[PDB]
């Protein structure tokens, strides 16, 4: 499959921006746009040591240039190589070529799931029609269509027992059975994503996703989908540019609050201890940077340059889907009677698997903990004036321990989503999507109080943008985009809620 190789590897590096060490900071600038200074910053996985003069998405200013950039990083960059593969394989009678196309379809769909979850409507079904003016699908149609497409991929790949494109497969070394598991896992994630808005659709596929005869889902760490440097394609983890080169990405307040309050051993696995001051004055510890930082970049010994940093090296991988997520998805599914089983069991196994994924121990002690997330007081925060008590009306790790502010079922979901949030790190887009859909976990409020106003929201209804908006000028190049607001059911702005946002979405008490 020489004709598919380069194109397929390009696709894989595009799902979540990453590239060859020779491209230096390029892929890293892209990851900033998709994960680090945007989504990951909004939900508190990271904190920015910069405000970019309030000129970009970090502070919710969705400019034409940055949104066009986002469209490229979430949709168009991967469209290119996929389209060529499609053109070459779409009419092949060769089963091995059909398999290649379906594997390419899975990779495309994992990437475009992010695209629709970020923008809402996208050109999904029209993809490949060679149109100069792509027609967009409503988000509901994108979801319905993707589920059908995933089942199609699984049906075909389930008949393939030999290796496919091993030399160019940076994820599973040509093991089609694992690709099937990834496809069904994505199907599971999608079904859970729609159960609140469309339970019927959820039920139409969740059973097929978990049905053993269809290949199974990712339940073992050995089946996780991740990409990292290898002989097939050397790579430089794309978080390095922003973390070490630009000194802009640091540990977020929200995730720190949970890790600290829950006495989570993953705190040390995910982040480094920062330093404040120098010499005998230097204080060491886990110092977070608030979400949507309103302060300018600084590099003194008392600055965020030395706040806790994400632990990562050039050979570190980026994760597409991990076994722990599967368990949390099953937990929620069982909680709402979509599948059989005990929510608590799936919940605790998800945490156990996450600890194993991170190489940490003490899961039993962690599971019996009844502590609440730690708030950030004006005193504790050292990079400006900021405070938010994350503990208020929040929940603990222990399944049977209820705060009682929300209904019991609602708090159980809160525990599931909060723990999934912790296990998903650093998959920011998925965490951001899950927060917007459920309202969990509760987040540290943005520091820049002017940010919500930039997307048409207020400091009470939005702690994060509800979506990215398309670049206004893009409408000039494609007349089919004029329909976007109607497809959205609202204005093309960051405050417009996407299709899967559940009704009666909870908010942290005041």
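Residue numbers count along the first chain shown, from 1.
- The stretch with the higher mean CA B factor, choosing between 434-442 and 89-97, is 89-97.
- Of the two segments examined, 40-48 and 446-454, it is 446-454 that shows the higher average Cα temperature factor in the deposited entry.
- Of all the options 130, 265, 120, 397, the entry's greatest CA B-factor is assigned to 130.
- Looking at 370, 73, 418, 308, the one whose CA carries the top B-factor in the deposited record is 370.
- In the deposited entry, the Cα temperature factor of residue 201 places it in the highest third of its chain's modelled residues.
- Residue 114: CA B factor lies in the lowest third for its chain, per the PDB record.
- Remark: residue 220 belongs to the highest third of its chain, ranked by C-alpha B-factor as recorded.
- Among all modelled residues in this chain, the alpha-carbon of residue 426 has a temperature factor (C-alpha) in the lowest third.
- Among the modelled residues of the chain, residue 343 sits in the middle third by CA temperature factor in this PDB entry.
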